[PDB]
Structures are given as C-alpha cells and as structure tokens.
Amino acid sequence: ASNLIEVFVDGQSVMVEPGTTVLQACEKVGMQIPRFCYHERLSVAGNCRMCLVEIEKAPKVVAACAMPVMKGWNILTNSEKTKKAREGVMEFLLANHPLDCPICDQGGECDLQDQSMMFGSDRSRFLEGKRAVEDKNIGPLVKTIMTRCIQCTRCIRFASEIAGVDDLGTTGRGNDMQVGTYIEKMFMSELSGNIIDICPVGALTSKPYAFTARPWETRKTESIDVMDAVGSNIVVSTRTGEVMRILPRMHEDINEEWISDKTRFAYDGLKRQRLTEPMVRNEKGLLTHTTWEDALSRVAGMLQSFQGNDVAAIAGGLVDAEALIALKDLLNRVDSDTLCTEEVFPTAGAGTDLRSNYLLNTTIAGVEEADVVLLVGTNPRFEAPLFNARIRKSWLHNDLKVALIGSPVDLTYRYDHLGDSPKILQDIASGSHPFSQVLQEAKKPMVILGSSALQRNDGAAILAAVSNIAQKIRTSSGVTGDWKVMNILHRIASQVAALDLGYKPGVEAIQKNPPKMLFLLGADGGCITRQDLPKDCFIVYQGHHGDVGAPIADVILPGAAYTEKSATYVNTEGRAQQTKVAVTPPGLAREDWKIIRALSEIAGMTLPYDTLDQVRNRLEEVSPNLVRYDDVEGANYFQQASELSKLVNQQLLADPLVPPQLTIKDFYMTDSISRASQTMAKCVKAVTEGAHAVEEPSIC
Amino acid sequence: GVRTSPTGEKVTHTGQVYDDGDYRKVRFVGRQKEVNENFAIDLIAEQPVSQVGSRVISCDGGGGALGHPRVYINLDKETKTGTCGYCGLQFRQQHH
Amino acid sequence: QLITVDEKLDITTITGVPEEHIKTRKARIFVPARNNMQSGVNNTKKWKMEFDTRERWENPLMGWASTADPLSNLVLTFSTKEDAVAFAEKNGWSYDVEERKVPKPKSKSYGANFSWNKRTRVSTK
Amino acid sequence: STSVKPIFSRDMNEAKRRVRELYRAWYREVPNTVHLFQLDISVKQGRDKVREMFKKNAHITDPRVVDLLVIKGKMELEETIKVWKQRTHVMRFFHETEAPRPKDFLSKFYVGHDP
Amino acid sequence: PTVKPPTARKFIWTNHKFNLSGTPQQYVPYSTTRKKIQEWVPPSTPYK
Amino acid sequence: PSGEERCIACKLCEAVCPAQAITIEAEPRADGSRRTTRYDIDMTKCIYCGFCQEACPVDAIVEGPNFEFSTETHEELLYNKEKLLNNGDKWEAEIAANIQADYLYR
Amino acid sequence: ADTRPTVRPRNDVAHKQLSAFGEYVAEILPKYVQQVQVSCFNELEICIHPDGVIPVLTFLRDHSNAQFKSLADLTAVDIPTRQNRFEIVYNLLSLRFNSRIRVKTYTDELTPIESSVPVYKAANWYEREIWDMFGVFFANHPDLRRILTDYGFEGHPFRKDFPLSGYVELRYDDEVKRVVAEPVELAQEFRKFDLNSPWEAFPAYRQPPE
Amino acid sequence: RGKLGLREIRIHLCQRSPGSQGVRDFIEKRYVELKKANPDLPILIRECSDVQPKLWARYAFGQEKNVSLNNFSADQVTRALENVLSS
C-alpha cells in the first residue's frame, strides 16, 4: 500500500503501517525489545521503562512500547546509550527485589531473572535495606507474595480489560505503591488464573502448583482442553510420568493465550477416584477387581445374545471420536442404531443431516467482525468462558452491540436485556420488537443460541424460532452474503463429533425403547438410571472416573483420560483437534477404542482396524472433516435446513428461559474430572461459604 | 513425632508408611526401616517468637554467610506473626 | 564418474534401529509453543521433531520413573519444516506436521487509553 | 538431482552380484563357526539364520544402500572368521533369553499400552 | 576436641554408631513419597 | 541451629549434578513451608565432585568427611532422605567445623 | 592488548596474516575451495568440495609455503538439518610456520569420502573412528572396520538420532551361561532438561527473519 | 427388523470444487423433498474441501457400499440415490 512508511532498525529498512510502535518495528527484523509492563494483548502502560531505546540523532531515549515510529528513524537497539538505559532500569528493578529465587516458584522461568542475565549488570551497588510488603489473600487459586511485585500493573490491566473485573488496582503512592484490592476481597473469575501467567515475577503464583516442580525438569505435551466445547489449546506439563500443571498454548483463533480456571486447575481430578482395574459383579452383588479376560468375556457373552433394539449406548461428554466410531461400528454389527448422547439436540427438520444446524458457523474469530450479537438462553460466561472473553474483546475494541434473551446474568460487559420469555423470539421475526430494526440495519449480524436452551422440552421450537430470525436477516440484502448468522454454542467437548458421526442426540430413543444391554461410554450425567430400564438390564460402564455411571454398572472397563490418549475432539465451531499422550493410563486402564476393539474380537464381530491410524482412516470415511486438524470447514445450506424447520410447528413453552449456570458457584464442578478435583471443591467453598473462610499459610 | 501405623511400622516425617497389604514392606523383615527421629516441623515450632520494634525485620538464619540469603519481612499485620521463608523463624512487632 | 539413482531415499536398513522403533513410532514435527510464563520468543525459532510418549512406571525399590522406551528423550532440531520431513522420511518414521503459529500483528496505541467517546478508555493506571 | 557418487555397484545387477558372493562366504562359514565357537545350534539353524538376515533386506532397490549392506555384512564375517567375536556375540543373533512377544491385538492389549 | 570442643546441638547424635552393613540394623532404601493416584473404591451398597 | 532443615527444595543441586545422581520431589509442608518429600542420592551414580554443595544456596547438602562407608549390597548405597538426614545428625559436629575452616575461601 | 582485565585481547596481526593465506589457498585451488573464513579468535577454515580432499590436503602438506606436515585431528560433526548431514573436519599443524589450519567438507549416509591415508598416515585410525561412530564410509581405506564399538554393534552412536543409552544392554544369564544382550530398560529414565532461555543472548549472531 | 434395510446414507462433497457441482445442485433442489419423502432415514451430508464426491450407504448389520459421485450431474446423482433406496 501507500500507507506504509519506511524506518530503519540498526540500518535495516522495514516498511510499517503508520501508528506502529518502535517495539513492533523491531519485531519485524526479528528482534525482541526487553519488556516488563508491555503485553501485546493489554493496553500500553509504558511505566517499567525497560523498553527504552535510542533513536539516532535523538538526545533522549523513547519507550519503545508506546512510541509510534516516524518516517526515517534509525532505531539503535544495541548502542551504548540503549544498553546503559537497560542496565540502569534493571538495577532499579532489583534494588528492592527480595532474595527469593531458591524459594520462588517462578525461579527458572522468570523474565526478571532472564532479562537481568541478558541486559542487566552482573553485580549490585545497592547498600541499603529493602522494602517489604504484606501479602493479600485474593482467593484459593492465586498465591500472592507481593514483595516480589515489580509494579508492572499487568494484572490490573488484565482484570479490567480482559476479565471485566475492577477488583485490582494500585493503592498508595511512590515507593510505597502497592498492588491489591485494598479490602479483603477474592479475585474469583472464570479467567482468574490467567493473571499468574502474565505476572512476569513470582508475585502471583499458582497455589495448587506451589513448590512441586521446576521449569527445567518438566516435559511439555501440546494437547487440547476437554472441559468445554471451545477446545482451548493447552500445554500439559509432566515430570517422571506425572501431570504437574496445565498451561495455555497460544492459538489466535480459539483461546488466544488464555484458559479458564476449570481448564487450569481441574487436572488434580485425574489423580482421584480413578478406575484402574476391570470390575464385575460377584454372586453377592458387589463389584470386584478382575482380569481383562474375565471382564470382556462377560460383556461379549451378553453382546452376542441380543440384537437390534436390545443393545443401546449413551456417550458421555468427554468421549473421543475414535471411541465414538468404534462403539458405533460395534453396535452396527448387532444391527443396533440406538447410539445416543446425554446432550439433547432437536431432531426436527434437518437435524444432524446438515452440519450448519449444530455448529458455530461464524467461528470464534468471527465475533471480532460482528456488529450486533444476540444471545438466547445461554450464559456464555460460564458455558464457554473463552468465547465470552472474545465477545468482551469486540464489545470493547469494536463497539459491539450485544443483546440477550434469558436470565439477567452478568457477562462482565453491559448488554441489552430484551427479556426472559421465549415469545420474544416470535416478536423479533414479526418486527414488533424495537430490537428487530437493529438486526435489520446491522451489516454483519450474529445470532447465538446455547445448547443449554435446547435441553428444554420445547427445544425444537426454540431452534426453529431462532432459525426463523436468522433466515429473515440473510434474505434481506443487508448481510454480505458469505457472512453466516445462525450459530449454536455447545458446552460438551464430544457433542459436535458425535453429531458428525450420526449419533442420535439425547436419550429419547432409549426411553422410547428400553434396552436389554446398555453401554455407558463415560456417561456420568445421570440421564438413565435403573428406574428407566428393564429389571435385569446389563449395564456396562466404560470410563476413567467412578462417579455416577460406574456405581450402577454390571461390568466396568477402565478407560483413559484426555491427558492419556491421542484422541480427536471437535469444538463448537467445527474445528477438529487432537490430543497427545502426556502420561499413560493408570494401572490396568486402556485406551478407549482399544477396549471396544478387543470386545469385538472376543465377541466375534471383529472391527476392521487395529491401530490408531486405521481407526482414524475410518473416521475419514464417516465424516472427512474429522481428520482435518486445526482447519475449520464450513456448513452451507441454511436455506434448505430452514425450510425443513417449518414443516412441523411446535409451541413455545410458557416457561421463562433460565440457563443452568447462573453464578460462579455453578461453574467449577460440571463433570467427572472437575467433580473429583479438590481445587475446584475449595473454589466452590470459597465463593459460597465466604471469602475469608479459606485462609492458608503462604510463608514463601 | 514418630507414631506407628496399626501394622507396626513407623511413619516418616513425610508421612510415608507401607499400607496393610503392600508386599514392599517385606524388605524390612529381618532388617529395619530407617526413620530420622528429629522432625523438622516439630523442632521449628518450639522456637519462641521474636518481638521487635520496627515494621521491617531482616533474617539471614544466623552466622552471616553461613546462613540463608537475607530476607526482609513485613510485620504490619497484627493477626499473625511474620515467618522466614528459609529458616521458619517467626517475628512479631512489639506492643504494636 | 556418476550414476543415476531415482528411488525414494530410504536408510532404515542401514541406520541400525530395531524395527519396533521405526514402524510403530509416530514422529511429531512442530515449532515449540512459547512458554506463557515468559515473554521471550527465542525458543520458537526452530522446528523440533519428537516421538510419542510411552509408558513410565515406578521403580519398585526407590519409586523412580522407569522407562522401556529408548526414544523418550530424543529431540531433533531443524531449520525448516521441509528438513524435518526430509529427515523423517529417509529414516522411515510415520510423522505428523503441525504448522507454525505466528503471533498476529496488532494495533497498539497509547492515546487509545484516554478516549472521549470510546470504551477503550482505561479507568486506572 | 539423481546424479550420485557410487560406493561400488553402478546398478543393481552389480550389487546383486556382491550380495550373491557374500552369501557364499557366509554359507560356507557356518559349519566352521558352529565348531570353532562350540555352539549348541545345528548347522541347519545357523544357515537358516543367514537366510533370514539376507531375506529381511529383500525390498531394497537402491544400489548404494546395497553396497553398504554388503560392506557391513563382510565386516561381520571378518570378525567371525578371524575369531575376533566371542561365543556370546555369535549367539546374540538368536535371542534365546527374550521371552515370546505376541503380535496379535488381544495379546498386546492384555499386557500393556504399547501399540 | 578436648581443647576445642565441638558446638553443641540438640539434634546431633549422642551415641556414635559404626558401619552397620551386613547386620540387622543396616539401611534399607525405600520410597519416601505417598501414593500418587487414588483408586475409586466400589460401593459396599449392592443395589441392582 | 534451631533444628529446622536447611533444604528448601530449590532443586539447584538436582539441576547441576553432572551424574544425575539426585532425585528431588517437594510439596508444601503441613505448616506451608517449602520442604522436600523425596531427596535421594544414588551414591553409585555420584562422582563425588561437590558441585551440589557449591550450588546449594543454604548449605543444606554437603559432602562430609566420611570416606569409610563401603557396603555389602548395592541397595545399601541408594540414599533416601532419612539416610542423609541421619548422616547430618551423625556428622554435624565435624561438618560444621570443616565449613567454619573453609567458608571464607568459598 | 587493552586494560580490560576480563576481556580476551585481540591479536590483529595474526588475523591479517591468516586472511592473506586464506586468499592464497583460494587462488591456488579454485577448483575445490568453496569458502574461506577466519574467526575472531584467529582460526582459519577452508571449506572445500568433498572431491578436493586429496588435492587440498596434499597441497597444504607439500607446498613450500604451507608445510602442514602434521594432522592434529580428524573428526565428523552431525547436523541433521543439513542435506549433507555429516561435516568432516581436518585440523592440520605447520611446524615450519607455527600455524594451524582447518579443512572442512561434507557428505551424507550414502556418499563415500576419499581416504586421506595416502596423505597422512595418521588418518588411518581417525577414519575408522569416523566410520564406526558416524557411519561415513571412506573409499580406498587400507582396513576399514569398527574400532570403538563392541563387535556386532548395530548403529552409529555419535549420530544425533541415536539414543543416548542405545537400544540393547548386556547382562549375564545363568541359564545360558553367557553374557546376553536384551532390550534396554532403565530403572530410572534419563531426565531431559529444557535449559535454553527464551531471551536472545548474542545479537551479533542473529539470523535474518524467514 | 428385516434384512438389507437401508440404515443410513452419507454424501461427502467439496465446497468449491468443479467436480462437485452436481452434488451441490442436488442438495439445493432435491434434498428437501428427499428428507420429507423419507422422514426417518438419516441422510448425512458432510462438506470438506478437496474431497472426491461419494455416496455411502449403511445397511443392516454394518454393511457399507460406496458409490462415487465425481463429475455426476444432479439427475445422475438422483439415479444413484434412487438405486440405493429400495434395495
């Protein structure tokens, strides 16, 4: 373009858009300017002064993080003047810093340590006493050792701009300036654990991870979160075959570089209540450890005796694709098609025939382009914490208009509350409601319906009513044509993949035709008890945790967890992503699909795949998008699906729309892994019982 | 603080003991399980608290360069004593 | 003086690796993700190759972490994505390639913090 | 390009010649080795093993890969003929202490997670 | 030590012990950490 | 002197050990202190180089004056935390004097 | 020579002389020399095409202004990213002129390298070491065979892709009354450390962005 | 129960490829009729870039037959779905 102007970086010409800072100009020739207060996903602060750099023929040094480049500047990032500015600034930072590196969890992965080695001096000339600061208790997750704080104010900016919480700020003045909440408060948020990562020093550290490991001894495994349908990219840190912590992994289009606190601190649930050995019912009626040979023989003995409707299966929320296809193929060879999921998605009209019906067609990255957003019967803050964070980013940087139909929940950003009754959806179609114009005049509208709403008995109507609105907008030439309006926001990590494999959403089929033999493939919801089955139903539970499904099964086949297998999951937007093995399953547990593959051979209906590649070549046949990793495809044909939607007309219930999760307390414990976690248990107690209630020693 | 498990095995200061049915406790049959008897947690409790008259106090563990790195401790809070991260000694501010 | 050889270059037979650890191993080619606990980006410059994790168990005597996998600690560094693939093929490992994720450039303005009519105004400093 | 310096063979016909020769030297040797080293195998078992080692490398078609395979096989022979090896090295080909390792899915499934 | 006695600490041993190798008082190694993964305990309740 | 262990589980000795003879695990103690739960030295891996005592910030790990501790079985040379704590209690009288004599050179 | 107690002084006359001789060798053997570089601590390296070994080594040994009579060392470096992964390094010494020079070339798994024994008899065992550890075959070598590894040892340990502890380990078996090799199993796995800092240490060696 | 009863159909087509134009045309025009015609027959349409169009049918007891739809016209496709149904 002609926008670009030319600047030099040590004599190397680079062309940059006007308004780019000096720090960004240096990044294009591959240099990283030192920093403490600058973060590319926060507002510029310019206070640490570590980024000071020299401009040739300029007497003064400029803050590289906050200085727009002007045409024809030569940035000297390695002149004597620049180096001495860095040494001076590092000296001031370390003057009052405590001698805590041996006792500080940040040791070995500290920007203050590393930048002191690279850009600071090798010795001190500070001959006075140091500052000491009392510690604040801002919750059971983040441990505060504020003597180490360097006052970069990153935490303050993150909470204000990213989490939408104004609890953190600076009280005092001068050298006594302190970071905290002033009062006794807990900075409890679904994104609270993120201030640990952005804090460059050991001032904010993870309480669950305190003291347990050092950075240099941990092996990094890149994997995917399965605690929600956003598919956040994580790093699983392991040491000597043990899961130590979970860190974020940068993905620009998904979670940027954040994760939720359930993603961050629920890994301790993998260390509790684990199913480690096959179990069968003895003659007295209790479950007893037994060998894989005895266990699979019983399951195979029953599987052959039944056919068709007799054999049914339910898929839990954390199940991987490879298991889903394996179980499906096993029940096909007995001629059963009662492949269910706990989650309910209306089958009226097209249903799962067209992917567009049950995907987030706009994509998570798309929200940054929307100009109006309608949320219906969904609390995105708790059902998809990282999606709501993307909303607030657009609400903040692009001036997005957000309207909500449902309970008046707090989204951390102000929204227009159209109301709570489902009938408001009808009005928007007619044009009576004043909001109907905003959708009409908006160039890039977006409509989000949450899968939590569709769990109502009138779910088919709501999806049709909401799809009715999206159809009106696109028909009028207001929309750009290739922009997609109708979006479904999912909350279960295995919902999209199951739907793409022809699973039948919900347990209506089972209730319609109670089965003789039932496979609970990780299903802990409680949807199907023994009240809802014949007298002697042969339940077989396959999962990694003992919680709700296991206690009622006849045979328990221990399975792996998402940290222990290379599996495929599809997130709410349709993107397929794969986990990797970080540690192997405990005890006698085995990978999920291998259990079903083995059950086949003992059954006689041997499946045609015996390795992970082969079972992933099968997924390609059933749905070719389940092996396109990190790629979002796209589902057209909204017109066709809409038409089938109106064929049968159903009545909206008069019940008001209420999301299942109304307050933070309902966010921490929502699945078997998080229910086992004890960090989540202390988080639930902290928000409910009281803030002050949880108080523990934090000497170092 | 050396208590024994119901089996008869002494528990260590880390809290480790071989459960009732673990075969690995055979390694001690005819021999002995070595357990240090001076529990660091119980010895550092006994130490008295050090009343002081300033808001900030520095601890190096004693001995100058034979102790731990020097740390400055804040004593503003009244509800609790201030503890050394390294040596565990406690301090309090006097009549204040 | 010279000859013409056209076949796909393969050396599994002469390298000396056992068959078990050529055929059943899935190499992974990727650029390491930045450690979010730090802002430095000097470890995300080169392509690494690693293999799938295998079982580790507790040594019965001292509780150490025991392995039977001879490739567990093997990591290779490459300049480009082609080199990692070129190396993996001639050694006959099944591999997966993950595309480099580059931070998206951003628009940063200090003046944006003090805005007359926009929500980007900051309530504190 | 495909223009590559040769080790010995300039095409597979020459390479297959040296392969054939090297098999002669090994086939003659096993009767001597089973005696000098006082092995407990029969000369039939020894010659089957030489057949097995040569067979595993059947697919190879690159002339250069075959030269190196022959070069290595001759070095192995030179050690056995000159008795630089010992009774332990010669018997390592037979893996007589490693217990049977299964190869069917169910067998590998019962014991461990290895694929 | 008579002229220059060693500093007295209460935790220091009073009775020196010689090499106990090969005796019933020898040192036997063992892991000093607690179990990592807890196993789910099946209910004693039998209801089917 | 009070009796609290000097080791704060920083793992600097484990990181420096040229022979990888040291294995450390840690956790917060019941009183919130940063203390190890596993400290092991494989004395058959160790090269007795003394890098670990050079790297320790709190003089917690030392190489003592004892050179007469040969054993009859290999298992007797794999030291856990209790053994090394017992050696410190056994040999503190001499170790402290040796540190007193050399700490100024260090 | 400056009053900087901790900084190694620069010898600039040595740098000039070594640069002059680098051109001299490049001018005389242009058919083979691919690069000439002198480091900051004064060490001349000549990079050559693998076919110029004997002509290049012979010229340095016998020329009346070279006289690098002594082969100080001969070794290979493995850089798997390069297409020719193996780099063969010759360190030579001249006693007449009290100078050293390094000659470097390259090869791959399936390209032979001419033996230098015709030039330096010292290279006989050096090349056996290179073959054994790196699997680089030298043509026309009087006696090429393993020199360090055990008999019947499959693999080449000094390749970057050979695992540190290898694949097989030895023990004595009572039943068969001999030392038996078996697949390696370690009671304690070697613990890999990630030590690299995420911050650049040496700007002078920064590589241009992709 | 019954035997050979069609249990499911699956149509895999690209989104922008030239040789999938017929399959796309069939979905836009005829699919709605097909779904109404067969209310309880799962017809799974799965779009993915650079696939070769195909028709997968699953019968009783997990028997699957595939039929290519590459470079087929809409009516050409309609015959294929006609052939699959009633067999």
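Read from first to last, the chains carry the letters A, B, C, D, E, F, G and H; within each, the first residue is number 1.
Heads up, the rule we're going with is that a contact is a pair of C-beta atoms (placed from the backbone, for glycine too) under 8 Å apart; a residue touches a chain by one contact, two chains touch by 3 or more.
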Mutual neighbours - chains that touch chain C and chain D alike: A, G
Pair with more cross-chain C-beta pairs in contact, given A-E and A-C: A-C
Chain at maximum distance from chain D, centres defined as averaged CA atoms: B
Nearest-to-centre chain - CA centroid comparison: C
Gap in Å, rounded to a whole number, between the CA centres of chain H and chain B: 72
Length of the line joining the C-alpha centres of chain F and chain G, rounded to whole Å: 40
Whole-Å gap between the CA centroids of chain B and chain D: 63
Geometric centre distance via CA averages, chain G-chain E, whole Å: 51
Residue numbers of chain C (touch at least two other chains): 9, 11, 14, 34-35, 38-42, 54-56, 61-65
Where chain A touches two or more other chains at once, by residue number: 32, 102-103, 111, 114, 215-217, 220, 240, 584, 612, 697, 699-700
Chain F: positions in contact with at least two other chains: 1, 3, 8, 15, 23, 25, 31, 33-34, 37-38, 57-58, 75, 78, 80-83, 89
All touching chain pairs, where touch follows the definition stated at the start: A-B, A-C, A-D, A-E, A-F, A-G, A-H, B-E, B-F, C-D, C-E, C-F, C-G, D-G, E-F, F-G
Chain G-touching residues of chain F, taken from the complex the two chains share: 15, 20, 23, 42
For the chain F and chain E complex, residues of the former touching the latter: 1, 3, 25, 37-38, 68-73, 75-76, 78-83, 89-90, 92-94, 96-97
Touching residues on chain A, where the partner in the complex is chain E: 242, 270-277, 279, 281, 284-288, 530, 536, 545-546, 550-552, 554, 586-587
Residues on chain E engaged by chain B in the complex (per definition of touch): 11, 24-28, 30-34
List of chain B residues in touch with chain F within their complex: 12, 14, 34-36, 38, 40-41, 43-47, 61-62, 65-69, 85-89
